[PDB]
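What follows is one structure encoded as structure tokens, with my remarks underneath.
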Amino acid sequence: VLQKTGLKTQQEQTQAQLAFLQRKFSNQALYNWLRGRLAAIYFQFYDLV
Amino acid sequence: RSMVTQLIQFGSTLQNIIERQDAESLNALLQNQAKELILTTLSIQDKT
Amino acid sequence: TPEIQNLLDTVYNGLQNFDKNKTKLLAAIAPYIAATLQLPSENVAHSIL
Amino acid sequence: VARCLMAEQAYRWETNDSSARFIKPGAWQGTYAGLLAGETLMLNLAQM
């Protein structure tokens, strides 16, 4: 029984890490936005050069 | 132009700082979860 | 939604300063679509348009 | 941004076009802590 409640504690800890990697500031959506904006600016600047 | 390249230096520094603090917070979270897990394994050894 | 509104704002600022006879509209909008729909390629964003 | 507007006024007074504008808003994005302004301002100075 103590083994079972230990595994449920591990599951809740995994849920906490996943909510942290979603709710932290520099998440994947930040880098998607940066790559899009930087790619557009980079292409236009390439044309001017 | 000199002002803009100064600003882009600040932008690079800010990007590095943000990624670094997120790594540190993740590390502290892993440590606390390890503490809870070692408590559970102690109780299991007592029952053994 | 505020997220689709953020898409609208990003594409609005992004494809501001556009002329039709300079270049293709689709190739111009393709990076913001590739980022906001999180698409890996740019030919995929061409395809879906 | 203030100095780039100074340069835009200098361009509008050298050649004669008051309606012609280059510095557009939206370079600052507060919902992403204002990353990547240097790119937009460098591109817009290049256009001028």
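By convention here, the chains of the structure tokens are called A, B, ... in the order presented, each chain's residues are numbered starting at 1, and ligands are numbered starting at 1 in the order presented.
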Interface list for chain A, partner chain D, 9 Å threshold, only C-alpha atoms, as a PDB file with N, CA and C atoms, in the first residue's frame:
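Okay, this is what ended up in part17.pdb:
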```pdb
ATOM      1  N   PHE A  25       8.017  31.005 -18.533  1.00  0.00           N
ATOM      2  CA  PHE A  25       8.020  32.111 -19.482  1.00  0.00           C
ATOM      3  C   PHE A  25       8.541  31.675 -20.841  1.00  0.00           C
ATOM      4  N   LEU A  30       7.014  30.853 -27.357  1.00  0.00           N
ATOM      5  CA  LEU A  30       7.930  31.980 -27.449  1.00  0.00           C
ATOM      6  C   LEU A  30       8.915  31.797 -28.588  1.00  0.00           C
ATOM      7  N   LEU A  34       9.387  33.886 -32.058  1.00  0.00           N
ATOM      8  CA  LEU A  34      10.671  34.475 -32.402  1.00  0.00           C
ATOM      9  C   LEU A  34      11.166  33.994 -33.751  1.00  0.00           C
ATOM     10  N   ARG A  37       9.064  35.779 -36.579  1.00  0.00           N
ATOM     11  CA  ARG A  37       9.354  37.200 -36.719  1.00  0.00           C
ATOM     12  C   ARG A  37      10.765  37.441 -37.238  1.00  0.00           C
ATOM     13  N   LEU A  38      11.729  36.689 -36.709  1.00  0.00           N
ATOM     14  CA  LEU A  38      13.106  36.819 -37.140  1.00  0.00           C
ATOM     15  C   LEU A  38      13.283  36.365 -38.577  1.00  0.00           C
ATOM     16  N   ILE A  41      11.957  39.264 -40.881  1.00  0.00           N
ATOM     17  CA  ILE A  41      12.877  40.399 -40.873  1.00  0.00           C
ATOM     18  C   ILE A  41      14.172  40.049 -41.592  1.00  0.00           C
ATOM     19  N   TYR A  42      14.641  38.818 -41.411  1.00  0.00           N
ATOM     20  CA  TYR A  42      15.870  38.359 -42.032  1.00  0.00           C
ATOM     21  C   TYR A  42      15.752  38.291 -43.540  1.00  0.00           C
ATOM     22  N   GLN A  44      13.660  40.091 -45.502  1.00  0.00           N
ATOM     23  CA  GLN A  44      13.578  41.438 -46.067  1.00  0.00           C
ATOM     24  C   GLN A  44      14.931  42.141 -46.025  1.00  0.00           C
ATOM     25  N   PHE A  45      15.681  41.917 -44.948  1.00  0.00           N
ATOM     26  CA  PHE A  45      16.998  42.515 -44.836  1.00  0.00           C
ATOM     27  C   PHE A  45      17.966  41.919 -45.844  1.00  0.00           C
ATOM     28  N   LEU A  48      17.426  43.729 -49.126  1.00  0.00           N
ATOM     29  CA  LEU A  48      18.045  45.056 -49.169  1.00  0.00           C
ATOM     30  C   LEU A  48      19.560  44.978 -49.325  1.00  0.00           C
TER      31      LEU A  48
END
```
Next on the checklist: Give me, as a list in words, all polymer residues having an atom no more than 10 Å from residue 7 in chain C, counting only C-alpha atoms and skipping those fewer than 3 positions away in the same chain.
Outcome noted: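 Contacts, in chain order: residues 33 of chain A; 1, 2, 3, 4, 10, 11, 12, 32, 33, 35, 36 and 37 of chain C.
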Hey, can you spit out that residue selection with C-alpha atoms as an mmCIF file, in the first residue's frame?
```cif
data_model
loop_
_atom_site.group_PDB
_atom_site.id
_atom_site.type_symbol
_atom_site.label_atom_id
_atom_site.label_comp_id
_atom_site.auth_asym_id
_atom_site.auth_seq_id
_atom_site.Cartn_x
_atom_site.Cartn_y
_atom_site.Cartn_z
ATOM 1 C CA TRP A 33 7.006 33.494 -32.354
ATOM 2 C CA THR C 1 -10.234 35.006 -29.159
ATOM 3 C CA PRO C 2 -7.206 36.980 -27.921
ATOM 4 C CA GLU C 3 -4.911 34.341 -29.431
ATOM 5 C CA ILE C 4 -6.360 34.629 -32.926
ATOM 6 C CA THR C 10 1.378 39.867 -35.752
ATOM 7 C CA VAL C 11 0.405 39.421 -39.404
ATOM 8 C CA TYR C 12 -0.837 43.023 -39.526
ATOM 9 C CA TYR C 32 3.765 34.027 -39.877
ATOM 10 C CA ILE C 33 1.401 31.221 -40.820
ATOM 11 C CA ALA C 35 4.965 30.042 -36.922
ATOM 12 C CA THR C 36 1.432 30.608 -35.609
ATOM 13 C CA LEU C 37 0.326 27.220 -36.899
#
```
Within 8 Å of chain B, which residues of chain A come that close, and what is the closest atom pair and distance in Å for each? Count only C-alpha atoms and give it as CSV.
```
residue,atom,partner,partner_atom,distance
A:2,CA,B:44,CA,6.4
A:3,CA,B:44,CA,7.0
A:6,CA,B:40,CA,5.9
A:9,CA,B:37,CA,7.8
A:10,CA,B:37,CA,7.4
A:13,CA,B:33,CA,6.6
A:17,CA,B:29,CA,7.7
A:20,CA,B:26,CA,7.9
A:24,CA,B:22,CA,7.2
A:25,CA,B:22,CA,7.7
A:26,CA,B:19,CA,6.6
```
Within 10 Å of chain C, which residues of chain D show up when using only C-alpha atoms, listed as a PDB file with N, CA and C atoms, in the first residue's frame?
```
ATOM      1  N   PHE D  22       8.064  56.018 -42.134  1.00  0.00           N
ATOM      2  CA  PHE D  22       8.713  54.715 -42.143  1.00  0.00           C
ATOM      3  C   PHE D  22       8.629  54.033 -40.789  1.00  0.00           C
ATOM      4  N   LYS D  24       7.032  52.561 -37.937  1.00  0.00           N
ATOM      5  CA  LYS D  24       5.687  52.104 -37.651  1.00  0.00           C
ATOM      6  C   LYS D  24       5.646  51.568 -36.240  1.00  0.00           C
ATOM      7  N   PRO D  25       4.510  51.686 -35.559  1.00  0.00           N
ATOM      8  CA  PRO D  25       4.377  51.104 -34.228  1.00  0.00           C
ATOM      9  C   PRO D  25       4.298  49.591 -34.295  1.00  0.00           C
ATOM     10  N   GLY D  26       4.344  48.979 -33.121  1.00  0.00           N
ATOM     11  CA  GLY D  26       4.322  47.538 -33.009  1.00  0.00           C
ATOM     12  C   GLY D  26       5.688  46.912 -32.916  1.00  0.00           C
ATOM     13  N   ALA D  27       6.749  47.717 -32.896  1.00  0.00           N
ATOM     14  CA  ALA D  27       8.079  47.174 -32.681  1.00  0.00           C
ATOM     15  C   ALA D  27       8.258  46.668 -31.262  1.00  0.00           C
ATOM     16  N   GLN D  29       6.704  44.672 -28.180  1.00  0.00           N
ATOM     17  CA  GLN D  29       5.671  43.689 -27.886  1.00  0.00           C
ATOM     18  C   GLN D  29       5.706  43.389 -26.400  1.00  0.00           C
ATOM     19  N   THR D  31       3.657  41.832 -24.506  1.00  0.00           N
ATOM     20  CA  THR D  31       3.210  40.512 -24.090  1.00  0.00           C
ATOM     21  C   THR D  31       4.305  39.465 -24.222  1.00  0.00           C
ATOM     22  N   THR D  40      13.642  45.005 -35.749  1.00  0.00           N
ATOM     23  CA  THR D  40      12.653  45.833 -36.424  1.00  0.00           C
ATOM     24  C   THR D  40      13.200  47.222 -36.701  1.00  0.00           C
TER      25      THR D  40
END
```
Checklist entry - Could you name the residues that touch residue 49 in chain C at 10 Å or less, counting only C-alpha atoms, but leaving out those on the same chain fewer than 5 positions away, as a ChimeraX atom specification? => result /C:26-27,29-30,33,43-44
